[PDB]
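Q: Per UniProt numbering: the sequence shown = residues 98 to 195, 213 to 333, 736 to 939, 974 to 1032. We treat Cβ as the ideally placed atom computed from N, Cα and C, and that holds for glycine.
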Amino acid sequence: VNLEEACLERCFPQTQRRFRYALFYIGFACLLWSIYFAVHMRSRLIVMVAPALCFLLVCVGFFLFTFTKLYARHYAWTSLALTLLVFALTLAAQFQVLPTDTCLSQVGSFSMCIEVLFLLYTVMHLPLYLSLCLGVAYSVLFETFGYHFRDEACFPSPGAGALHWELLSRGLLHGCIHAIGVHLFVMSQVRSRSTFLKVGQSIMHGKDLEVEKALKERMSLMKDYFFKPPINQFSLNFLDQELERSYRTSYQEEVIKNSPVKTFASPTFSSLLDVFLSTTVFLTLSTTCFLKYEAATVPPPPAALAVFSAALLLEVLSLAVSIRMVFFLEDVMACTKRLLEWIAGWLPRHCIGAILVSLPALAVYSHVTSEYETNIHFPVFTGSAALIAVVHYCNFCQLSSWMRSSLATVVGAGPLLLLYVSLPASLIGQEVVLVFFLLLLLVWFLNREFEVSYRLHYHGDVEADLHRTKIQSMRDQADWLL
């Protein structure tokens, strides 16, 4: 329990820094999310533009509260207070909006549901059990208010049979968000705690070395560690070149050395869970897309069916490789182990990872056809599904954040290019830009932070082993003299 209180005490500056950036993001979000609310929904500024301006000062008021000493004792309470306020406004926002100029597309609200639910799982530093329920609470209240308060005048009501299976669409996407959300939370908590123990062991060995050195001869840093990392701020590469090459190769030798898996922070175990979500994020997302056609009794295109077989098989092979990489079945031959050594390399992981991460992303865009403009529900469903495909790019934290989220930006630009070619249509096109730009900003920030945390975890590991090896070298010399 004392190590628990110490850990929150030592990593409090990280919690404070992340919280301030969420304060900047929400205020920055409300600045541009409400400008187009004021302009493109000019008929009703009474109910929509006012709350956003009010909450902007609340974010500033929260921002001012951060510098006070009372914040440090109840940083958890402050996050919960912000979470309820952010939960309430955006949840109640999807209600007051619901004549064509007064209706907001079902994609715009979903982006608010994503960024809000990704500040909770990543930045509020709220307990997992309460974060999961609040995240689900913001999800069930999001879906169960749109159905209640749907405006049939703006969006024509589809078939009754289609509505029931479309509930799976609302549920399954929200589930994907939480599955990414919990994993994003779990890995952040694991890497922060594992680094703390490694720094705790590193400082412990440093003091122990001096006691040993004296016997042989006779015969605040951790705060700056979490605040001033040994990493350049732009490219996120390590300042030391020998460490950077060590980090880039750090994955393969552990595969070569068959290092046993001890905790979730192991790169092989991290990749196994990382590849695992990619399959479920694919399997749940692609399940959602296909059930739309069954509800509309229109056969799916064979090309979309064709990519799925290649996509699932690639997921099946990649998943099977990871389990064999972690558990090492005894009947593996040396030829495949060399291949297992090869994929573990830095560039091979990026080439494989880029395919693995982008796989649910290309799943959504394989269903786009020339009939994309026939039904108005198809683009709003594709846009809603495209958001999570971009959201999936926060996974695979071992890859470079620049490489991953840029593919998300490329993938996030897929629907945009479709809309420009197709071009209420003009108004939605601008909304989707604001939908994704705010969303792509979050993935840019979130991927940057978690690569830093992942890189610091490795940096904490080598410093722990560098100091630990110094202990064994000195102990052998010390006992030899004895």
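Just to confirm, are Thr885 and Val842 a CB contact at a threshold of 7 Å?
A: Position 369 of the sequence shown, counted from the first residue, corresponds to residue 885. Position 326 of the sequence shown, counted from the first residue, corresponds to residue 842. In this structure, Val842 does not lie closer than 7 Å to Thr885 by Cβ.
Q: Which of helix, strand or coil does DSSP assign to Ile747?
A: The residue given as residue 747 occupies position 231 in the sequence shown. In this structure, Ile747 counts as strand in the three-state DSSP scheme.
Q: Within the same chain, show all residues whose beta-carbon is closer than 6 Å to that of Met738, passing over the 5 residues directly before and after it, in chain order.
A: By 1-based counting over the sequence shown, the position of residue 738 is 222. Closer than 6 Å at the Cβ level, and outside the excluded window around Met738, lie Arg107, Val313.
Q: In the DSSP assignment, the alpha helix (DSSP H) including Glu889 goes from what residue to what residue?
A: Taking the first residue of the sequence shown as 1, we reach residue 889 at position 373. Unbroken run through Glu889: none, as it is neither H nor E.
Q: Taking all protein chains shown into account, decide if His297 is buried (16 or more other Cβ within 10 angstroms of its Cβ) or exposed.
A: Here the question's residue 297 lines up with position 183 in the sequence shown. Looking at its Cβ environment, which holds 16 or more other Cβ atoms inside 10 Å, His297 is buried.
Q: For the alpha helix (DSSP H) holding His319, just list the boundary residues, first then last.
A: Position 205 of the sequence shown holds residue 319. Segment 274 to 332, the alpha helix (DSSP H) holding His319.
Q: Rounded to whole angstroms, what's the CA-CA distance from residue 960 to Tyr888? Just pull it up for me.
A: Along the chain, the last residue before the gap is 939 and the first after it is 974, so residue 960 carries no coordinates.
Q: Mark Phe310 as exposed unless 16 or more other C-beta atoms lie within 10 angstroms of its C-beta, in which case mark it buried.
A: Position 196 of the sequence shown holds residue 310. Label assigned to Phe310: buried.
Q: Considering only residues of the region 847 to 882, which uninterrupted alpha helix (DSSP H) runs meet the minimum length of 4 residues and lie entirely inside it, listed in chain order?
A: With a minimum length of 4 residues, the continuous alpha helix (DSSP H) runs that stay inside the region 847 to 882 are 850 to 859, 862 to 881.
Q: For a test of the three-state rule: what should DSSP assign to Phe1000, helix, strand or coil?
A: The residue labelled residue 1000 in the question sits at position 450 within the sequence shown. Correct three-state label for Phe1000: helix.
Q: Of the residues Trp994, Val985, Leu977, which one's Cα is nearest the Cα of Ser916?
A: Taking the sequence shown and counting its residues from 1, the one referred to as residue 916 is at position 400. Residue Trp994 is the option with its Cα nearest to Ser916.
Q: Within the continuous alpha helix (DSSP H) that includes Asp790, where are the two ends?
A: Working through the sequence shown from its first residue, we reach residue 790 at position 274. Where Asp790 is concerned, the enclosing alpha helix (DSSP H) stretches over 783 to 811.
Q: Is it buried or exposed, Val832, if we count other Cβ atoms within 10 angstroms and call 16 or more buried?
A: Stepping through the sequence shown from its first residue, residue 832 is reached at position 316. Classification of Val832: exposed, given that the 10 Å Cβ count is below 16.
Q: Can you pull the DSSP bridge partners for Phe754?
A: Along the sequence shown, one-based indexing puts residue 754 at 238. According to DSSP, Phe754 bridges with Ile747.
Q: Looking at the secondary structure, which residues open and close the alpha helix (DSSP H) in which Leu240 lies?
A: Here residue 240 refers to the residue found at position 126 when the sequence shown is read from its first residue. No alpha helix (DSSP H) holds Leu240; DSSP gives it neither H nor E.
Q: For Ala251, count neighbouring Cβ atoms within 10 angstroms of its own Cβ and tell me buried if that reaches 16, exposed if not.
A: The residue labelled residue 251 in the question sits at position 137 within the sequence shown. The residue in question, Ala251, is exposed, as its Cβ has fewer than 16 Cβ neighbours within 10 Å.
Q: Excluding the 5 residues preceding and the 5 following residue 698 in the sequence, name in chain order all residues of the same chain whose CB lies nearer than 8 Å to its CB.
A: No coordinates exist for residue 698 in the structure shown, because the numbering of the chain passes directly from 333 to 736.
Q: Taking only three categories from DSSP, how would you classify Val136?
A: Locating residue 136 in the sequence shown gives position 39, counting from the first residue. Helix.
Q: Count the CB pairs spanning the region 227 to 238 and the region 172 to 192 that are closer than 8 Å, and state whether there are at least three.
A: The region 227 to 238 is in contact with the region 172 to 192.
Q: So what's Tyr936 in DSSP terms, helix, strand or just coil?
A: As a position in the sequence shown, residue 936 is number 420, starting the count at 1. Of the three classes helix, strand and coil, the one that applies to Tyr936 here is helix, per DSSP.
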